[PDB]
**Q** 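Here you go, one structure.
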Amino acid sequence: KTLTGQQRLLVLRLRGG
Amino acid sequence: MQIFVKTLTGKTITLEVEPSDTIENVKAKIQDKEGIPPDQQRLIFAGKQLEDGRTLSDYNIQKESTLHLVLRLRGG
Amino acid sequence: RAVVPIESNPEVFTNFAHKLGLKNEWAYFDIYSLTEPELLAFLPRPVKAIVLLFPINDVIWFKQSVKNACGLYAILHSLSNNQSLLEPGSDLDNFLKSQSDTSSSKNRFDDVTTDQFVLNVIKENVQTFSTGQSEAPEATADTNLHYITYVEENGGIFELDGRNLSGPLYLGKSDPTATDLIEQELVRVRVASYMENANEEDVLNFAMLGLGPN
Amino acid sequence: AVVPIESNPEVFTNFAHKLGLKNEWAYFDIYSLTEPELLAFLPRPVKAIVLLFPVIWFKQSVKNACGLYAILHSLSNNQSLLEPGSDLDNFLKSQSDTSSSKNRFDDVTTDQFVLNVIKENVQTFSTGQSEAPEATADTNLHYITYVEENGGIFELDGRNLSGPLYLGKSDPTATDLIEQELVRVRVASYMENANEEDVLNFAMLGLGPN
């Protein structure tokens, strides 16, 4: 089950600028 | 007294009204700011359908009460 | 070849539906909040189909052939993918079994056979298109509003539009941790995406109806 | 150019505390947005929501610094959660006293305050649970923030040259931002462009009690 309907149990740990 | 009318799309409408105001007056007020004819409106408070000739006090709608607007539109 | 656009009225949809074959134990209801705890408590569950009315800006699908008839096709999409709720021997039940025996169009009803059953359902229920709370326009006139439907069939989530020439639209897999369709993130997100375009244009012309018990 | 910040609640919380966010508050993970049970675990009231995907406003001037600007937007529109005397609180009040930019920070005073924050905290830009890319490289991911100010709901993007975006009025039946239909809808619309594209790159953080 993602948020939309580098992992942590699912939640992503991404990097953005 | 102030009251809010919440739409299906998340929009919140703020209105100034009197306890003596009827549901029809509330609809006319919605029409003044949103331009939506009253025949196309149904209001809900606390799960109940509000009937046109009843007033805000009949339903005990107080200051800051929130109401929900369901639209009766026609689509092809 | 033109019908009066049907109103997003629980009673009218329920009327049509029952005459087509929807069992009496089920009906369409108003959905006024779609991400709301309290409000979804005044809502019958399970919600088996969701019809959405909005501005045009592995399942059974029907191509729309009659002008302004999108609301009837929404009802046909809702009922045909929930056969279990139909009355054995009802008009729609007979229609669906007839094509499955003959294996005509296992799931894409675009035939002259589908058109005749729709044209007769329409000819036998003309006043129903006009009922409701709001005043009836003229069949000949355009509406700018369109109905579409959502259902869970064999584990998937589909969006059914009679005017989408490409046929039914797959939204992805169901979530078994879903009490029903209202608890399907794929639907809420797809719907919420339409409302966002509304909110930007300042249009409030949106309505939703759910098919559930009572 | 800075190293793109990871959508990690500990890293957001660390930066925020160093800027002035009171210790009684912190950022936390949001994994579900319209789901009951999962909302009993999230601290309320949620005062800001940061979204990673493909009314005080600050223009972004430093490459890959969007995450810091998101923290600045979250904190600056929630001044009551700041430590009186902290660095951000001083910066905010300063511009109010002098009346430089009452709410649109694109000055000299602001680009310096920020470069000062950036250089006093370089090491934290690389912390977390993943590997640090080179600040030189692009990410394709972006940070934006949602706040409720004066009963208005706004989306704040440092890259939106037009400034803050008004989404409409708040709903007072809402204990907090998670219960604002206008936010859920606007977020939901970003995800739908992601559901069509098979992109799963999405993260959300909420600023609430510790």
Side-chain angles (χ1 to χ4, degrees), chain A residues 1-5 10, chain B residues 75, chain C residues 31 34-35 46-65 70-85 96 99-100 103-111 114 146-197 206 208-212, chain D residues 32-35 53-54 185 187-202:
Chain A
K1 180 63 179 69
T2 82
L3 174 60
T4 56
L10 177 59
Chain C
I31 288 180
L34 186 62
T35 294
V47 157
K48 287 304 185 188
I50 281 165
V51 176
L52 170 72
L53 176 60
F54 68 105
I56 11 75
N57 317 296
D58 201 347
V59 271
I60 294 165
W61 177 84
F62 296 73
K63 157 139 277 223
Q64 175 181 325
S65 306
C70 60
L72 170 62
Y73 289 93
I75 291 155
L76 286 175
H77 287 135
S78 307
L79 294 190
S80 291
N81 285 286
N82 283 287
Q83 306 215 9
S84 173
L85 312 176
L96 299 169
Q99 305 261 303
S100 59
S103 78
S104 42
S105 32
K106 242 214 137 168
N107 59 12
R108 53 164 117 160
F109 294 131
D110 27 33
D111 334 323
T114 298
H146 188 27
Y147 285 100
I148 64 180
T149 306
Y150 295 102
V151 295
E152 70 279 70
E153 255 280 287
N154 291 102
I157 289 190
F158 298 85
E159 190 181 70
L160 312 166
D161 184 343
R163 296 277 63 226
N164 188 19
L165 315 188
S166 313
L169 185 49
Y170 181 46
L171 289 180
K173 313 224 161 164
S174 320
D175 254 17
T177 32
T179 49
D180 58 30
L181 215 48
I182 271 160
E183 291 194 0
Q184 302 265 358
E185 275 277 272
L186 292 177
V187 178
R188 281 162 166 165
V189 171
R190 180 62 179 190
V191 165
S193 157
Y194 291 127
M195 325 210 266
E196 174 55 36
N197 209 243
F206 267 66
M208 282 183 41
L209 298 163
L211 172 52
Chain D
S32 252
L33 280 187
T34 87
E35 184 62 27
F53 70 110
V185 154
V187 164
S189 80
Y190 286 125
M191 302 182 151
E192 188 38 60
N193 311 138
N195 270 347
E196 294 177 343
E197 292 186 340
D198 279 345
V199 160
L200 288 176
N201 294 312
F202 260 85

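By convention in this document, chain letters (A, B, ...) are assigned in the order of the sequence lines, proteins followed by strands, and residues within each chain are numbered from 1.
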**Q** Answer yes or no: is there a donor N or O on one side and an acceptor on the other, between the side chain of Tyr190(D) and the main chain of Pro54(D), under 3.5 Å?
**A** no

**Q** Over 60° means perpendicular and under 30° means parallel, so classify the ring planes of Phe54(C) and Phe206(C), tilted if in between.
**A** tilted

**Q** Judged by modelled atom types alone, do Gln184(C) and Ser174(C) share a side-chain donor-acceptor pair under 3.5 Å?
**A** no

**Q** Which distance, rounded to the nearest 0.5 Å, do you find between the CD of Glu185(C) and the NZ of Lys1(A)?
**A** 4.5 Å

**Q** Just verifying a value: how many Å separate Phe158(C) CZ and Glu153(C) CD, rounded to the nearest 0.5 Å?
**A** 8.0 Å

**Q** Given side chains that start at C-beta, do those of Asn197(C) and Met195(C) come closer than 4.5 Å, heavy atoms only?
**A** no

**Q** Passes side chain to side chain contact (heavy atoms under 4.5 Å, CB included), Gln99(C) versus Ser105(C)? Steps please.
**A** CA-CA 7 Å; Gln99(C) 305 261 303; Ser105(C) 32; 3.4 Å; yes

**Q** Is a side-chain donor or acceptor of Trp61(C) paired with a backbone partner of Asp161(C) at a separation under 3.5 angstrom?
**A** yes

**Q** Okay, side chain of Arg188(C), backbone of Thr34(D): is any donor-acceptor separation there less than 3.5 Å?
**A** yes

**Q** Mark yes or no for whether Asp180(C), through its side chain, and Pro46(C), through its backbone, hold a donor-acceptor pair below 3.5 Å.
**A** no

**Q** Under the 3.5 angstrom rule, does the side chain of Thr149(C) hit a backbone N or O of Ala74(C) as a donor-acceptor pair?
**A** yes

**Q** When you measure from the side chain of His77(C) to the backbone of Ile148(C), do you find a donor-acceptor pair of N or O atoms at a distance under 3.5 Å?
**A** no

**Q** Under 3.5 Å, is there a donor-acceptor pair between the side chain of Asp175(C) and the main chain of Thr177(C)?
**A** no

**Q** In Å and rounded to the nearest 0.5 Å, what is the CD to CD1 distance from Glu159(C) to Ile50(C)?
**A** 11.5 Å

**Q** Closest heavy-atom contact between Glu152(C) and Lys48(C)?
**A** OE1-O, 3.6 Å

**Q** Report yes if the side chains of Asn107(C) and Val59(C) come closer than 4.5 Å at any heavy-atom pair, otherwise no.
**A** no

**Q** Is a side-chain donor or acceptor of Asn81(C) paired with a backbone partner of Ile60(C) at a separation under 3.5 angstrom?
**A** yes

**Q** For the residue pair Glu196(D) and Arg190(C), establish whether any side-chain heavy-atom pair is separated by less than 4.5 Å.
**A** yes

